[PDB]
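Coming up is one lone chain in structure tokens, specifically the form deposited in one PDB entry.
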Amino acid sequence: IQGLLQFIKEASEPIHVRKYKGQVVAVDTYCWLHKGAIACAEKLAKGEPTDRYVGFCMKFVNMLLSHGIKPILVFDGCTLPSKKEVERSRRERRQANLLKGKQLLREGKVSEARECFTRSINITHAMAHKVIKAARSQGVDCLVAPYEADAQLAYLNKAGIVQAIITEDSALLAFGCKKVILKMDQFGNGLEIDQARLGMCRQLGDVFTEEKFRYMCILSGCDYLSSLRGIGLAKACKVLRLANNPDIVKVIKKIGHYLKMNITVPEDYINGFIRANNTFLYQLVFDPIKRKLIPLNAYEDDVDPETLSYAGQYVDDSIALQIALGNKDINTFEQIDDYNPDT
């Protein structure tokens, strides 16, 4: 969600991680991976061996461990079919910046070339696994999500397994997270947002419940569904405030009326909205206790799970376990490690 943090900044508190001393905090590790990969973009683009991002993550991990924090590193897994568009686009951008960067290396211009290399960064599962080994070497629990780390984190937080989530993506709130810590530096200073405190935001109105908030985020334009032309956070929120009807479908079919604008709503956009909603609600996560694949939320009676392939497809529990442990590479689907949490 573009500009979500600025939109709900009144619900944020400048905190320090000491607040969660002795408690358990889950981490959106790919953020630290993207931050760490920039320091060595040149060598990553050229294919030269590098492991600085590992130590970069380990600074943060050790920082948490020093304050008595019990961290759980969560990593992005398989690509979600309901997100293939964004992945494809970002991939194209990466390739383009890579090519232009190489050409700029041929020109001798190193500044611009580096400026492209830093934008052509691609976080693989191999790097992530380097981080995993490095972390497990110091007794830090690591877990690969079946798909997006967002949903997995949301589950870990809702299940009571973790009490807070360290990330740079505020849109995690739309998944149903209770507490989210943003912009955390290497010392432990960050910005916390509580779900219950969403009432602090005046411009939200009565749109602070999970359902309405989720609707707002989707309508604003997310990674699952592009917003209608001229529709952002404020206007979607306005729609949800002015809307009295619970059935969101008719509301969206009356969005032109609610905003006093001439909006044409394609029939496919409704299906896309249902898809995005069901994706936010029932995206497959991995229960670490029972060791099995479950949706983020228990299925309702108004949904047929067979049509929810875009929210991720089920696999055997053993395979899901081996992926979650990081022993199985996402793309090759072959064993790359043989870790066992039992012995």
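Throughout, rigid core stands for the largest set of C-alpha atoms superposing within 1.5 Å between the two forms. Residues carry their position along the shown sequence, with the first being 1.
The next section is about a form of this same protein that is not shown, the form deposited in another entry.
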item: From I72, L204, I121, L225, residue displaced between the shown form and the other one - CA threshold 2 Å or more, rigid core; value: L204
item: C-alpha of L104 off by 2 Å or more between the shown form and the other one on rigid core; value: yes
item: Pair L259/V207, Cα separation in that other deposited form versus the displayed form, closer or farther by 3 angstroms or more; value: farther
